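J.: What follows is a structure written as structure tokens; I'll ask about it next.
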Number of protein chains: 2
Amino acid sequence: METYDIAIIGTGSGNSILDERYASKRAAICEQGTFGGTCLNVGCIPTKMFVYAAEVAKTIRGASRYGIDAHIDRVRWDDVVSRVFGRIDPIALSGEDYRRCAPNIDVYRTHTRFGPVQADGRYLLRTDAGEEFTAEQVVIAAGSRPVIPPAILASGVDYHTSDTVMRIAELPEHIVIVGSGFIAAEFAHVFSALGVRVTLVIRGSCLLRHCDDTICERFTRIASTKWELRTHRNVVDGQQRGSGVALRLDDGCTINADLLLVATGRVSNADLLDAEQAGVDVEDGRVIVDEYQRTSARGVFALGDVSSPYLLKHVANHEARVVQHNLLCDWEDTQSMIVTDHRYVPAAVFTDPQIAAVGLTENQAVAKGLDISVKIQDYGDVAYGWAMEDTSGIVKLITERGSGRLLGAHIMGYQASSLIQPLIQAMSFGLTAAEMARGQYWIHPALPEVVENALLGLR
Amino acid sequence: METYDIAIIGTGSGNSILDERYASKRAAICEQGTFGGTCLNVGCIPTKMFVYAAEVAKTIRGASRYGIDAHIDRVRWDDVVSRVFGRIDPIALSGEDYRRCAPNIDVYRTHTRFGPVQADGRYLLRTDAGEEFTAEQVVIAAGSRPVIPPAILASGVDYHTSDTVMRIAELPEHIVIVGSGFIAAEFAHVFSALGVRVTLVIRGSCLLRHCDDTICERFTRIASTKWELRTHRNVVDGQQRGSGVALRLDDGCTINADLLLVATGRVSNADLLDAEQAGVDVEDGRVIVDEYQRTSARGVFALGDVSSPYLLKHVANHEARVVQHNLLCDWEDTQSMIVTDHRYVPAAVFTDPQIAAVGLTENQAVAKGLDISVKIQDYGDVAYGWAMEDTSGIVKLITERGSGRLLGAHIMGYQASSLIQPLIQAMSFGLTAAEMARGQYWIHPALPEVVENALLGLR
Ligand SMILES: Cc1cc2nc3c(=O)[nH]c(=O)nc-3n(C[C@H](O)[C@H](O)[C@H](O)COP(=O)(O)OP(=O)(O)OC[C@H]3O[C@@H](n4cnc5c(N)ncnc54)[C@H](O)[C@@H]3O)c2cc1C
Ligand SMILES: Cc1cc2nc3c(=O)[nH]c(=O)nc-3n(C[C@H](O)[C@H](O)[C@H](O)COP(=O)(O)OP(=O)(O)OC[C@H]3O[C@@H](n4cnc5c(N)ncnc54)[C@H](O)[C@@H]3O)c2cc1C
Ligand SMILES: NC(=O)c1ccc[n+]([C@@H]2O[C@H](COP(=O)([O-])OP(=O)(O)OC[C@H]3O[C@@H](n4cnc5c(N)ncnc54)[C@H](OP(=O)(O)O)[C@@H]3O)[C@@H](O)[C@H]2O)c1
Ligand SMILES: NC(=O)c1ccc[n+]([C@@H]2O[C@H](COP(=O)([O-])OP(=O)(O)OC[C@H]3O[C@@H](n4cnc5c(N)ncnc54)[C@H](OP(=O)(O)O)[C@@H]3O)[C@@H](O)[C@H]2O)c1
């Protein structure tokens with residue numbers, strides 16, 4: 001049996017731990033799926049490439065608004081898939097060989113579960129391929145997996161998730177997306193812009209409800225005019241309809257479609273580790289960690305979707321950096337360790353219109369009894385918005401009336417994830433709204449003027 | 001004769017001075033040209049509207065890069081002009097009516113010259129219409145006017161400037177642009193993207209020479225591959241060739257074209273004021289002002305292109321704010337006045353690729369003997385750049401190695417004017433590169449990641 005100084009489960013954000021500082025130790029890497037994690041292979045990077053390709057098609061279709069009459073002759077979907085994954089798939093091979101060919105690193109490519117903690121304090125790890133080995137330190141970065149509604153599993157219908165929908169052979173004529181989350185909105189924008197009729201079947205009343213209500217309400221109205229939104233509906237049964245699918249709803253209605261996409265959330269992969277049998281506490285389906293990303297077991301850390309409350313890559317990268325530093329520190333030297341910063345976590349939704357948010361919502365600030373001022377600035381009231389002929393883009397700012405510092409920022413419009421970065425900077429470093437608006441220059445007539453005027457209107 | 005408490009020459013940024021604090025005084029406004037200033041009518045706002053329409057056409061034309069085959073059927077230039085100026089022209093009329101209809105404000109629509117200072121200390125102003133009136137305070141906001149090379153004036157050829165080129169009836173087949181400045185680059189991007197053959201005739205060796213050399217070298221190479229760039233050339237003569245023009249260059253060659261556009265710089269309108277006869281100092285062709293926007297004449301302020309070293313609207317607006325505040329203070333109470341801030345003045349060039357810069361260039365920092373670190377990060381090394389398939393976009397950052405503070409930032413690529421805003425914020429408030437890179441979150445996989453990775457690389 002083998003012995004290792006450190007073992008890492010998951011090649012997503014956990015792959016960014018083995019520095020040159022571990023060149024003198026032996027490490028074991030576990031990856032049951034494709035090397036590189038979810039975001040690289042079937043996550044952020046592939047999706048945002050399809051989003052950009054869809055936005056090019058959307059620009060062509062609405063070009064007459066600006067005086068240019070054009071039309072799409074063809075959508076070479078096969079070349080779009082080959083272009084995206086022709087770049088991504090080789091990264092998984094070269095990144096995997098980078099670990100195998102290293103003599104200090106061993107790579108196990110099967111599902112790895114925790115075993116009983118050995119008498120000498122080292123952790124036993126066992127794979128589904130039959131291998132068994134020990135490790136002194138262990139890093140848990142198992143990520144998350146998609147969740148499919150139980151009624152859809154019982155029906156046995158052919159369905160797709162975010163893991164498999166991007167490598168489909170041909171673009172369908174009609175798609176039904178079940179879910180109201182970040183994935184559901186992003187893919188609805190991708191397919192509708194590429195010429196697909198999109199049908200949303202959501203159980204709630206708003207799309208992207210975990211965002212500020214001003215954003216969800218306005219975005220759902222816009223989405224309902226270009227996609228068929230069926231609110232307060234759940235899929236209860238279904239059957240095969242040739243290559244397509246027929247889905248029965250909870251009101252007796254039946255929807256015929258060519259493709260089913262499920263985007264009803266993801267769940268951490270902690271419940272498939274037997275970690276509690278090895279001393280790691282698990283609440284809900286997640287691994288409990290403290291501000292140093294330390295678990296309830298000595299020498300065992302966790303990061304990413306398996307433990308963090310935010311299922312975001314920029315958060316998983318920050319947590320991986322904390323684990324990378326705290327692994328070289330003594331387990332009890334907490335004052336020499338680094339603390340994970342979750343104070344101003346932002347997030348973006350790459351839909352049309354684009355959504356980006358950071359901090360508290362208006363209702364979240366009211367629930368905390370904070371005295372706030374709120375301004376909602378329109379894109380169309382800015383010189384750059386005039387060139388866009390924009391009539392729906394808004395920027396929402398919430399400030400604490402006492403200190404005058406930014407409490408939350410919510411942008412729904414063009415370049416939302418880029419426009420919010422100056423607001424992320426002010427919140428993270430404690431810059432007041434008054435200082436941010438006039439204590440610096442804003443390029444005229446650039447787009448960020450909509451953020452400047454949003455700060456100025458905070459009366 | 002008439003008497004006024006304050007007189008303002010120019011309805012550009014100077015029009016944004018008379019608030020309700022002057023509602024109890026009598027004011028005289030002078031506007032020899034069209035009401036609203038240059039930026040509203042024939043400047044930033046109209047140009048950037050045509051720029052956005054050009055980006056729509058170029059997106060359609062290069063859509064095959066992403067798998068969508070499309071083509072422009074027609075470019076309705078007539079509808080583009082009517083859409084742009086259909087928004088702008090009524091603003092000039094309603095904004096002018098807003099001032100005339102006010103009983104405390106009178107608007108003079110002819111060129112206003114300075115007269116001899118009256119015995120009572122008040123300034124005399126006379127218009128070409130024969131009217132004469134006096135004013136206690138005077139605000140100078142005469143702006144600038146285009147400069148035409150003397151060889152072009154001597155030829156007597158029909159030419160266009162930025163003031164008149166946007167109202168052309170029909171899109172030309174071939175255009176020759178004389179100049180290598182901000183206006184020349186922006187219109188070359190506008191017309192070439194709409195299908196016009198663009199020929200640049202510049203006397204220097206780089207386009208946008210007053211920018212960082214890394215930007216000038218790379219942008220000129222890119223621009224020379226899609227526009228016909230003739231470097232080290234001047235127009236010496238010309239004559240009419242039907243509706244078009246033929247221009248002889250300083251090397252004997254002759255260029256035939258359908259439209260001539262001159263963009264060889266602007267000069268302040270101070271030399272048309274007779275200001276020295278009334279006590280206002282004039283060096284070069286600019287009005288001399290201090291850090292309080294005060295001229296050499298008591299009670300006379302100045303702002304905008306007539307005095308500022310920066311011919312930018314966001315700078316002219318900041319100087320107009322200083323004049324607005326310092327007018328209500330005593331002329332000798334300099335300690336109660338506000339100082340004009342010209343630290344870290346940014347600027348953008350709305351070309352393809354887009355250019356935005358703030359602070360010092362690498363060579364300017366070397367001339368000051370500063371110990372600097374420089375990093376040039378490529379758009380293509382970021383997940384968002386992968387979706388764009390970008391192969392030329394760069395962001396260049398210069399920091400002082402001692403303090404770790406940003407000295408200059410130069411971006412050439414997509415959304416350059418939007419990505420530069422966080423860098424403008426860090427420079428304006430004294431945030432170090434290390435703090436900005438890791439003391440805040442960056443949304444994955446958004447575009448500002450190219451700025452984050454640029455900050456990390458300043459080894
Ligand atoms: C479609 C989609 C789009 C997204 N877009 C964004 C976005 O724009 N921005 C953003 O910030 N986030 C986005 N995310 C979220 C992002 O994927 C995660 O936040 C992030 O990748 C978490 O990284 P991780 O390493 O913890 O998870 P993963 O990358 O999933 O790492 C876990 C890996 O380890 C493997 N593994 C799990 N358990 C075991 C085991 N027991 N043994 C061996 N191997 C195991 C898994 O198969 C997987 O390969 C998106 C997610 C999806 C699904
Ligand atoms: C094509 C173009 C594009 C530009 N793009 C940008 C850009 O993207 N960003 C940016 O920041 N800046 C830009 N600028 C510069 C911007 O227009 C000016 O810096 C800004 O308008 C300065 O304002 P001002 O009031 O001083 O000048 P103006 O707005 O020109 O004000 C002067 C006005 O007073 C009138 N006047 C002058 N003399 C007299 C007199 N004796 N009597 C009566 N009236 C008089 C003039 O006719 C004019 O109407 C651009 C300029 C041009 C020409
Ligand atoms: N760009 C990005 O930052 C990005 C992109 C993609 C994903 N993500 C992240 O990835 C994670 C998962 O994304 P996701 O879109 O799958 O989930 P999500 O964002 O958490 O939203 C999932 C949604 O599924 C709906 N749902 C659940 N069960 C359902 C059922 N049985 N029937 C109908 N609807 C049901 C819920 O609607 P109700 O709430 O009304 O019940 C819920 O809001 C999240 O952390 C998300 O933020 C981020
Ligand atoms: N978005 C913006 O911020 C924006 C947009 C438009 C305009 N502006 C500003 O508004 C003004 C517009 O000026 P502009 O764009 O017309 O010009 P400019 O950018 O000021 O410079 C034009 C250039 O033309 C060259 N030139 C000068 N005289 C010439 C001659 N006789 N023959 C041939 N070439 C000659 C020079 O190149 P060399 O310097 O290499 O000799 C000169 O610098 C500037 O202040 C500009 O910065 C700003």
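Residue numbers start at 1 in each chain; chains themselves are named A, B, ... in the order of the structure tokens; ligands are numbered from 1 in the order shown.
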So which residues of stretch 226-302 of chain A fall under strand (DSSP E) by DSSP, listed as a ChimeraX atom specification?
T.: /A:228-230,235-241,244-249,254-257,259-262,266-268,282-283,286-287,300-302
J.: Which residues, written as a PyMOL selection string, have at least one atom at most 9 Å from residue A:169, with only C-alpha atoms counted and residues fewer than 6 positions away on the same chain left out?
T.: chain A and resi 77-78+81
J.: Using only C-alpha atoms and all ligand atoms, which residues of the polymer chains come no farther than 7 Å from ligand 3? I'd like the answer as a ChimeraX atom specification.
T.: /A:44,146,149,178-184,201-205,208-209,234,263-266,310-312,347-350
J.: Would you export the selected residues with C-alpha atoms as an mmCIF file, in the first residue's frame, please?
T.:
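This went into again_5.cif:
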```cif
data_model
loop_
_atom_site.group_PDB
_atom_site.id
_atom_site.type_symbol
_atom_site.label_atom_id
_atom_site.label_comp_id
_atom_site.auth_asym_id
_atom_site.auth_seq_id
_atom_site.Cartn_x
_atom_site.Cartn_y
_atom_site.Cartn_z
ATOM 1 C CA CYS A 44 -18.235 28.837 -16.729
ATOM 2 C CA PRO A 146 -26.786 18.674 -10.535
ATOM 3 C CA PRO A 149 -36.581 16.786 -9.637
ATOM 4 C CA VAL A 178 -37.091 23.452 -16.043
ATOM 5 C CA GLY A 179 -35.702 25.821 -13.420
ATOM 6 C CA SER A 180 -35.505 29.508 -12.536
ATOM 7 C CA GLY A 181 -31.837 29.774 -11.568
ATOM 8 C CA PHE A 182 -28.616 31.130 -13.016
ATOM 9 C CA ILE A 183 -28.147 28.173 -15.370
ATOM 10 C CA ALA A 184 -31.745 28.285 -16.611
ATOM 11 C CA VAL A 201 -41.401 25.912 -16.616
ATOM 12 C CA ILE A 202 -40.707 27.430 -13.194
ATOM 13 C CA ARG A 203 -42.303 26.623 -9.855
ATOM 14 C CA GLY A 204 -42.008 30.156 -8.459
ATOM 15 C CA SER A 205 -43.297 33.520 -9.617
ATOM 16 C CA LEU A 208 -33.624 34.771 -10.483
ATOM 17 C CA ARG A 209 -35.507 35.303 -7.239
ATOM 18 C CA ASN A 234 -43.965 21.722 -12.153
ATOM 19 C CA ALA A 263 -31.523 23.481 -14.206
ATOM 20 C CA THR A 264 -33.088 23.101 -10.755
ATOM 21 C CA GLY A 265 -29.937 23.584 -8.666
ATOM 22 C CA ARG A 266 -26.900 21.612 -7.564
ATOM 23 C CA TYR A 310 -21.273 30.391 -2.578
ATOM 24 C CA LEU A 311 -21.124 28.078 -5.607
ATOM 25 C CA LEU A 312 -18.878 30.486 -7.497
ATOM 26 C CA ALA A 347 -22.142 37.184 -8.873
ATOM 27 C CA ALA A 348 -23.239 37.611 -12.475
ATOM 28 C CA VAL A 349 -25.904 36.074 -14.708
ATOM 29 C CA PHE A 350 -24.941 36.087 -18.396
#
```
J.: Using only C-alpha atoms and all ligand atoms, which residues of the polymer chains come no farther than 7 Å from ligand 2? I'd like the answer as a PyMOL selection string.
T.: (chain A and resi 443-445) or (chain B and resi 9-14+30-39+42-44+47+110-113+141-144+162-163+183+269+272-273+303-306+311-316+347-348)
J.: Considering only C-alpha atoms and all ligand atoms, can you say which of B:290, B:271, B:400, B:250 comes closest to ligand 4?
T.: B:250
J.: Measuring atom to atom with only C-alpha atoms, identify which of B:351, B:453, B:361, B:432 is nearest to residue B:186.
T.: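 Of the candidates, the smallest distance to residue B:186 is held by B:351.
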